[PDB]
Amino acid sequence: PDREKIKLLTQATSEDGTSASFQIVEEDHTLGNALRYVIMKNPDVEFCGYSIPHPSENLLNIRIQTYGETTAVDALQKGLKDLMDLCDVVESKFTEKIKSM
Amino acid sequence: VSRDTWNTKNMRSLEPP
Amino acid sequence: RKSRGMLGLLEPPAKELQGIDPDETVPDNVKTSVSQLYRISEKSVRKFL
Amino acid sequence: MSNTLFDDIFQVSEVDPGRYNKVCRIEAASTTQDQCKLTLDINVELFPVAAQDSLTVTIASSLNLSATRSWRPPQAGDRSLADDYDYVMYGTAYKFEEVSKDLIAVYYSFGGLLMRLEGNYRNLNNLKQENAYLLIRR
């Protein structure tokens with residue numbers, strides 16, 4: 001039950017969601033860029049981008065603004081699910097080509 | 001080569017400490 | 001205003017016909033062209049001052 | 001129909017990229033309006049333009065035939081104007097100038113790509129309003 005990993009920044013959050021900034025510690029461009037790509041691949045997402053506010057801190061601030069269909073949290077959760085699925089496809093294809101060789 | 005070393009071995013380093 | 005055929009009302013008008021709008025006859029085309037080119041509202045003058 | 005503030009055919013006089021690789025400033029005069037000139041910035045890697053080609057230029061508001069405040073694209077199945085125009089820009093009219101007796105010039109900025117439309121009587125239509133779609137087709 002990790003309660004420190006991902007936080008919701010309330011000052012950056014709208015009413016009823018659909019626009020929220022998340023703070024993700026121990027994260028950098030690696031997860032930020034893949035997550036942003038996958039999240040932009042969602043029709044309801046109108047805005048996605050991350051930022052590492054300072055190199056000294058291992059912190060990532062990812063901003064999601066959606067249209068009214070879904071909330072930023074839902075778009076985030078969908079982005080994480082889709083990133084997992086994509087990496088699973090990559091794993092299967094790569095292990096198959098390794099086995100074939 | 002042509003070996004699925006990762007399936008054969010149960011990884012431990014890769015999990016977060 | 002003078003170039004578009006209407007009167008150039010740079011000076012206040014002192015005659016019987018002041019109360020009615022001095023552009024009533026203007027055929028709604030030069031009028032809207034002038035409003036297109038120069039349109040200075042009272043809000044604009046007061047905000048500028 | 002009732003949303004085209006202006007439309008006319010133009011014959012491109014010249015196209016020049018001045019130190020640009022994707023934006024060219026084209027100049028054109030109206031076919032069958034002896035006074036209507038056009039200076040226009042075109043992204044030519046999106047819409048290639050050659051000297052002496054005839055372009056149908058249209059100015060419209062509301063391409064259509066929540067309080068989110070972020071622009072949302074129309075749906076893919078939405079019938080709208082631009083379904084028969086090759087190139088469409090959205091910008092604002094920011095200046096009307098007088099150039100002579102019965103001859104005016106209108107300036108549109110499409111995010112920095114400028115259009116200067118010289119004409120005679122386009123007053124009851126061309127307003128200083130954000131709603132300005134430029135539509136262009138070959």
# chains A, B, ... in the order shown; residues from 1 in each chain; ligands from 1
call {"tool": "residues_around", "arguments": {"residues": "residue 62 in chain A", "least_positions_apart": "2", "cutoff": "12 Å", "atoms": "only C-alpha atoms", "output": "PyMOL selection string"}}
result
chain A and resi 6-9+12-13+19-25+27-29+31-37+39+47-53+59-60+64-65+72-73+75-76+79
call {"tool": "closest_atom_pairs", "arguments": {"of": "chain D", "to": "chain C", "cutoff": "7 Å", "atoms": "only C-alpha atoms", "output": "tab-separated table"}}
result
residue	atom	partner	partner_atom	distance
D:96	CA	C:37	CA	5.5
D:97	CA	C:37	CA	6.3
D:123	CA	C:33	CA	5.2
D:124	CA	C:32	CA	6.5
D:127	CA	C:36	CA	6.9
call {"tool": "write_last_selection", "arguments": {"atoms": "C-alpha atoms", "output": "PDB file, in the first residue's frame"}}
result
ATOM      1  CA  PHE D  96      -8.974  47.244 -41.446  1.00  0.00           C
ATOM      2  CA  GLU D  97      -7.168  50.047 -43.234  1.00  0.00           C
ATOM      3  CA  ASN D 123     -18.015  45.715 -45.245  1.00  0.00           C
ATOM      4  CA  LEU D 124     -21.343  44.128 -44.300  1.00  0.00           C
ATOM      5  CA  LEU D 127     -15.778  41.939 -39.431  1.00  0.00           C
TER       6      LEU D 127
END
call {"tool": "interface_residues", "arguments": {"of": "chain A", "to": "chain D", "cutoff": "12 Å", "atoms": "only C-alpha atoms", "output": "count of residues only"}}
result
16
call {"tool": "residues_around", "arguments": {"residues": "residue 46 in chain D", "least_positions_apart": "4", "cutoff": "10 Å", "atoms": "only C-alpha atoms", "output": "PyMOL selection string"}}
result
chain D and resi 22-23+42+86-87
call {"tool": "interface_residues", "arguments": {"of": "chain B", "to": "chain A", "cutoff": "7 Å", "atoms": "only C-alpha atoms", "output": "list in words"}}
result
residues 2, 3 and 4 of chain B
call {"tool": "write_last_selection", "arguments": {"atoms": "N, CA, C and O atoms", "output": "mmCIF file, in the first residue's frame"}}
result
data_model
loop_
_atom_site.group_PDB
_atom_site.id
_atom_site.type_symbol
_atom_site.label_atom_id
_atom_site.label_comp_id
_atom_site.auth_asym_id
_atom_site.auth_seq_id
_atom_site.Cartn_x
_atom_site.Cartn_y
_atom_site.Cartn_z
ATOM 1 N N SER B 2 19.817 -17.955 -28.919
ATOM 2 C CA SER B 2 18.471 -18.461 -29.173
ATOM 3 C C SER B 2 17.825 -19.033 -27.917
ATOM 4 O O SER B 2 16.926 -19.875 -28.006
ATOM 5 N N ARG B 3 18.261 -18.581 -26.748
ATOM 6 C CA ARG B 3 17.787 -19.094 -25.473
ATOM 7 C C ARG B 3 16.971 -18.031 -24.753
ATOM 8 O O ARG B 3 17.361 -16.861 -24.703
ATOM 9 N N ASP B 4 15.827 -18.448 -24.206
ATOM 10 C CA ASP B 4 14.970 -17.577 -23.400
ATOM 11 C C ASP B 4 15.448 -17.634 -21.953
ATOM 12 O O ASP B 4 14.813 -18.216 -21.073
#
call {"tool": "atom_distance", "arguments": {"atom1": "CA of residue 91 in chain A", "atom2": "CA of residue 1 in chain A"}}
result
27.5 Å
call {"tool": "select_by_dssp", "arguments": {"residues": "chain B", "states": "alpha helix (DSSP H)", "output": "list in words"}}
result
residues 5, 6, 7 and 8 of chain B
call {"tool": "write_last_selection", "arguments": {"atoms": "N, CA, C and O atoms", "output": "short mmCIF file (atom, residue, chain, number, x, y, z; two decimals), in the first residue's frame"}}
result
data_model
loop_
_atom_site.label_atom_id
_atom_site.label_comp_id
_atom_site.auth_asym_id
_atom_site.auth_seq_id
_atom_site.Cartn_x
_atom_site.Cartn_y
_atom_site.Cartn_z
N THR B 5 16.60 -17.01 -21.72
CA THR B 5 17.22 -17.04 -20.40
C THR B 5 16.29 -16.50 -19.32
O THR B 5 16.33 -16.95 -18.17
N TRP B 6 15.45 -15.52 -19.68
CA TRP B 6 14.61 -14.87 -18.69
C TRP B 6 13.48 -15.77 -18.22
O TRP B 6 13.09 -15.72 -17.05
N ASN B 7 12.94 -16.60 -19.11
CA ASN B 7 11.91 -17.55 -18.70
C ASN B 7 12.50 -18.64 -17.81
O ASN B 7 11.87 -19.06 -16.84
N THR B 8 13.72 -19.09 -18.13
CA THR B 8 14.34 -20.17 -17.38
C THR B 8 14.65 -19.75 -15.94
O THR B 8 14.46 -20.54 -15.00
#
call {"tool": "atom_distance", "arguments": {"atom1": "CA of residue 43 in chain D", "atom2": "CA of residue 90 in chain D"}}
result
13.0 Å
call {"tool": "atom_distance", "arguments": {"atom1": "CA of residue 49 in chain C", "atom2": "CA of residue 8 in chain C"}}
result
23.5 Å
call {"tool": "decode", "arguments": {"residues": "range 8-46 of chain C", "atoms": "N, CA and C atoms", "output": "tab-separated table (two decimals), in the first residue's frame"}}
result
chain	number	residue	atom	x	y	z
C	8	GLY	N	-18.68	65.19	-41.59
C	8	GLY	CA	-17.64	65.08	-40.60
C	8	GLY	C	-18.01	65.88	-39.36
C	9	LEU	N	-18.56	65.20	-38.37
C	9	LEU	CA	-19.08	65.87	-37.17
C	9	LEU	C	-17.97	66.08	-36.15
C	10	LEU	N	-16.98	66.88	-36.53
C	10	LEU	CA	-15.90	67.20	-35.60
C	10	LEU	C	-16.30	68.32	-34.64
C	11	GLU	N	-17.27	69.13	-35.02
C	11	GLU	CA	-17.78	70.22	-34.20
C	11	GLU	C	-19.23	69.94	-33.81
C	12	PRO	N	-19.63	70.28	-32.59
C	12	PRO	CA	-21.02	70.07	-32.17
C	12	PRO	C	-21.97	70.83	-33.08
C	13	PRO	N	-23.12	70.24	-33.40
C	13	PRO	CA	-24.04	70.88	-34.35
C	13	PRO	C	-25.05	71.80	-33.69
C	14	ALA	N	-25.11	73.04	-34.19
C	14	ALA	CA	-25.99	74.08	-33.65
C	14	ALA	C	-27.01	74.44	-34.73
C	15	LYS	N	-28.13	73.72	-34.74
C	15	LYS	CA	-29.23	73.99	-35.66
C	15	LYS	C	-30.47	73.29	-35.10
C	16	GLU	N	-31.58	73.44	-35.82
C	16	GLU	CA	-32.82	72.81	-35.38
C	16	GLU	C	-32.74	71.29	-35.46
C	17	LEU	N	-32.03	70.76	-36.46
C	17	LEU	CA	-32.02	69.34	-36.77
C	17	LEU	C	-30.93	68.58	-36.03
C	18	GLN	N	-30.51	69.05	-34.86
C	18	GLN	CA	-29.45	68.38	-34.13
C	18	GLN	C	-29.94	67.11	-33.43
C	19	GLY	N	-31.18	67.12	-32.93
C	19	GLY	CA	-31.63	66.02	-32.09
C	19	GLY	C	-31.70	64.69	-32.83
C	20	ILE	N	-32.21	64.71	-34.06
C	20	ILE	CA	-32.25	63.50	-34.86
C	20	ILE	C	-30.83	63.12	-35.26
C	21	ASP	N	-30.62	61.82	-35.47
C	21	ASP	CA	-29.30	61.33	-35.83
C	21	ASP	C	-28.86	61.95	-37.15
C	22	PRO	N	-27.66	62.53	-37.23
C	22	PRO	CA	-27.21	63.17	-38.47
C	22	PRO	C	-26.81	62.21	-39.57
C	23	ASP	N	-27.04	60.91	-39.39
C	23	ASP	CA	-26.67	59.90	-40.38
C	23	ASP	C	-27.87	59.08	-40.83
C	24	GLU	N	-29.08	59.58	-40.61
C	24	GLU	CA	-30.27	58.76	-40.86
C	24	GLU	C	-30.40	58.40	-42.33
C	25	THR	N	-30.12	59.35	-43.23
C	25	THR	CA	-30.24	59.09	-44.66
C	25	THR	C	-29.13	58.18	-45.18
C	26	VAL	N	-28.03	58.05	-44.46
C	26	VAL	CA	-26.86	57.33	-44.98
C	26	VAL	C	-27.24	55.87	-45.22
C	27	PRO	N	-26.96	55.32	-46.41
C	27	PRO	CA	-27.63	54.08	-46.84
C	27	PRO	C	-27.08	52.79	-46.26
C	28	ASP	N	-26.76	52.76	-44.97
C	28	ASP	CA	-26.45	51.53	-44.25
C	28	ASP	C	-25.25	50.77	-44.83
C	29	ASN	N	-24.60	51.34	-45.84
C	29	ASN	CA	-23.40	50.75	-46.43
C	29	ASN	C	-22.15	51.56	-46.12
C	30	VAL	N	-22.16	52.86	-46.42
C	30	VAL	CA	-21.06	53.70	-45.97
C	30	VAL	C	-21.04	53.76	-44.45
C	31	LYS	N	-22.21	53.67	-43.81
C	31	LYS	CA	-22.26	53.65	-42.35
C	31	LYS	C	-21.49	52.47	-41.78
C	32	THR	N	-21.78	51.27	-42.27
C	32	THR	CA	-21.10	50.09	-41.75
C	32	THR	C	-19.65	50.05	-42.21
C	33	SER	N	-19.31	50.64	-43.36
C	33	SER	CA	-17.90	50.72	-43.73
C	33	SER	C	-17.13	51.62	-42.78
C	34	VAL	N	-17.72	52.75	-42.39
C	34	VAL	CA	-17.07	53.63	-41.42
C	34	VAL	C	-16.94	52.92	-40.08
C	35	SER	N	-17.99	52.23	-39.64
C	35	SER	CA	-17.89	51.50	-38.38
C	35	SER	C	-16.88	50.37	-38.48
C	36	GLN	N	-16.66	49.86	-39.70
C	36	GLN	CA	-15.64	48.85	-39.93
C	36	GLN	C	-14.24	49.43	-39.79
C	37	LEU	N	-14.02	50.63	-40.33
C	37	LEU	CA	-12.68	51.21	-40.34
C	37	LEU	C	-12.33	51.88	-39.01
C	38	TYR	N	-13.16	52.82	-38.55
C	38	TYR	CA	-12.95	53.51	-37.28
C	38	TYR	C	-14.19	53.36	-36.41
C	39	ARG	N	-14.00	52.84	-35.20
C	39	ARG	CA	-15.12	52.61	-34.28
C	39	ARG	C	-14.61	52.85	-32.86
C	40	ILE	N	-14.87	54.04	-32.35
C	40	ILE	CA	-14.34	54.49	-31.07
C	40	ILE	C	-15.50	54.61	-30.09
C	41	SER	N	-15.64	53.64	-29.20
C	41	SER	CA	-16.73	53.66	-28.24
C	41	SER	C	-16.39	54.56	-27.06
C	42	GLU	N	-17.43	54.97	-26.33
C	42	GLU	CA	-17.20	55.77	-25.14
C	42	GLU	C	-16.40	54.99	-24.11
C	43	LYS	N	-16.68	53.69	-23.99
C	43	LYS	CA	-15.89	52.85	-23.08
C	43	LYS	C	-14.41	52.92	-23.42
C	44	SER	N	-14.08	52.97	-24.71
C	44	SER	CA	-12.69	53.04	-25.13
C	44	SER	C	-12.05	54.36	-24.73
C	45	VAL	N	-12.74	55.48	-24.95
C	45	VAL	CA	-12.18	56.79	-24.61
C	45	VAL	C	-12.01	56.91	-23.10
C	46	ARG	N	-13.01	56.46	-22.34
C	46	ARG	CA	-12.92	56.54	-20.88
C	46	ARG	C	-11.83	55.63	-20.34
